[PDB]
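Engineer:
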Amino acid sequence: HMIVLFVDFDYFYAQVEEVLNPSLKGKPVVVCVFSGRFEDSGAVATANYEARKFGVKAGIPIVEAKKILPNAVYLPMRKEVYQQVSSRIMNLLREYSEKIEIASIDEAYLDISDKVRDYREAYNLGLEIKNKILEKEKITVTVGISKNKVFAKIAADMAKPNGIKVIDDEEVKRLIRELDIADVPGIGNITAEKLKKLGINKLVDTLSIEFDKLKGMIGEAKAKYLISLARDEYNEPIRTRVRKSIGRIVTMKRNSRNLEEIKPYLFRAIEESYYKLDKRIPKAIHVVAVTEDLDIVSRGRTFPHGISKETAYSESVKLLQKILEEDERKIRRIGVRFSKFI
DNA sequence: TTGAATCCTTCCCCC
DNA sequence: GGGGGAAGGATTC
Ligand SMILES: Nc1ncnc2c1ncn2[C@H]1C[C@H](O)[C@@H](COP(=O)(O)OP(=O)(O)OP(=O)(O)O)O1
Ligand SMILES: *[C@@H]1O[C@@H]2Oc3cc(OC)c4c5c(c(=O)oc4c3[C@@H]2[C@H]1O)C(=O)CC5
Ligand SMILES: [Ca+2]
Ligand SMILES: [Ca+2]
Ligand SMILES: [Ca+2]
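Just so we're aligned, residue 1 is where the first sequence starts under the entry's author numbering, counting upward by one.
1) Using 10 angstroms around the beta-carbon of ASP106, count the other beta-carbons present and answer buried if the total reaches 16, otherwise exposed.
2) Which partner residues does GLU107 have in the DSSP bridge list?
3) Which residue from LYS136, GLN84, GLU261 and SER256 puts its Cα closest to that of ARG329?
4) Around the C-beta of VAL242, are 16 or more other C-beta atoms found within 10 angstroms, so that it is buried, or is it exposed?
5) Going by DSSP, what residues sit across from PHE341 in a beta bridge?
6) Residues in the same chain with beta-carbon distance under 8 Å from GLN15, minus the five sequence neighbours each way, listed in chain order, please.
7) So, helix, strand or coil for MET90, using DSSP?
8) Do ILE246 and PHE338 have their beta-carbon atoms positioned less than 8 Å apart in this structure?
9) Three-state secondary structure (DSSP) at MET158?
10) Exposed or buried, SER23, counting other C-beta atoms within 10 Å across all chains shown (16 or more means buried)?
11) Of all the beta strand (DSSP E) runs that stay within the bounds of the segment 41 to 87, which reach a length of 3 or more residues?
12) For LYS160, which of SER308, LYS322, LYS115 and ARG52 has the nearest alpha-carbon?
13) Taking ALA72 as the reference, which of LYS173, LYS27 and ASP212 has the closest Cα?
14) Can you list, in chain order, every residue whose CB sits closer than 6 Å to a heavy atom of ligand 4?
15) Among residues of its own chain, excluding the 5 on either side of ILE167, which ones have a beta-carbon nearer than 6 Å to its beta-carbon?
16) Under 7 Å from any heavy atom of ligand 5, does the C-beta of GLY188 make it?
17) If you drop the 5 nearest sequence neighbours on each side, which residues of the same chain put their C-beta closer than 8 Å to that of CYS32?
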């Protein structure tokens, strides 16, 4: 059948910052995103392994991080820079197979199904690829390999960082039963829970309960997806993918409800969203408001034509008003999202 | 306590 | 009964 090759750049942002300034290597680096809310307000985009060893990881606020390693190198996030370093590594990959996916800013699956006869040769192509990526861009990555996407990724998760691992059918059969279901791609702790108090603690357990029970607890989708992984029938193609929407949000200095106070933030958001749009014309626009208590509320509108920057501002203001109206909390975060491209 | 981008489920129109 | 689609909330990486 087929063999999937998953490539995953190690502690990426942090690493890219290390590449752009080698003096950093071997020292704990925490790449964070600072919100003008107050000094050191914000969170950790991510951190390299030195820093991570001690708990400073992605998601923890910057203040807690400095309390753990008050002496680590803290750098602001430079997405653009990372975006270009990624694009570069992404191309090198295309050279190994035109069947590439690119799931995120540091992930990509490759159907080397043809370019390889056996796993032995896959493992080889893995090193070939790790090495060529290390030579051209100075970036270390983990590579996973198996019969399908989901497993090619799991193989990687197991081998981080700067690793390479092949999961053969026997490794799969073993995993379908001994692999914790919370560690399966697509299962956030939210679904990991509903599955926990349902008896499904292992990828296999999904076979025991009747289907229409799962469909109601976690949804027809996740239901069928899980079942196939368990009966070893899962086999999704490595399809190239196109961005289906762009957007931008911004935290405000103070939380408020004053339309006029929020407007400037909204527009700042819209303005950047267009730059990103580049040459794309969106037919749908949505305004997203993160309430003072971190709950998300969004209103939107789809037009039968493209959205001009001018109209964009206009329709955005209405949609925010509609939010303040329909809600009551103070707005903490505001922004826009443009979808349904022409 | 920082974004971004893609699903899950109502719901309204109408053959 | 169900094709076709827009809205807002849910969930994941
Ligand atoms: N919780 C988060 N908050 C903000 N940015 C995040 C978060 N998680 C991930 N990111 C961004 C920062 C990273 O550079 C990139 C994600 O990297 P991730 O691929 O999942 O693994 P990584 O290789 O950088 O980490 P790892 O140390 O596990 O290998 O996406
Ligand atoms: C939205 O607001 C916060 O910003 C981010 C950014 C992430 O990745 C770039 C992110 C991830 C995860 C998560 O639970 O939260 C975030 C958040 C916060 C969200 O609440 C993951 O599991 C992977 C990335
Ligand atoms: Ca990674
Ligand atoms: Ca990744
Ligand atoms: Ca998980």
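Even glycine gets a Cβ: it sits at the ideal position worked out from N, Cα and C.
Structural biologist: Reading it off the structure:
1) buried
2) Assignment of beta-bridge partners to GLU107 by DSSP yields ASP8.
3) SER256
4) With fewer than 16 Cβ atoms within 10 Å of its Cβ, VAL242 is classed as exposed.
5) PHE341 has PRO282 as its beta-bridge partners, per DSSP.
6) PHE9, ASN48, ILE139 and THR140
7) In the structure shown, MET90 sits in a helix (DSSP, three-state: H, G or I).
8) yes
9) DSSP places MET158 within a helical segment (H, G or I) once states are collapsed to three.
10) exposed
11) 42 to 47 and 73 to 76
12) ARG52
13) Of the candidates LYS173, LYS27 and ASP212, the one whose C-alpha sits nearest the C-alpha of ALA72 is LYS27.
14) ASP8, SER104, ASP106 and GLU107
15) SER146, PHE151 and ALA155
16) yes
17) Excluding sequence neighbours, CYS32 sits near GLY42, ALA43, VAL44, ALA45, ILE62, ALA65, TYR74, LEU75, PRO76 and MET77.
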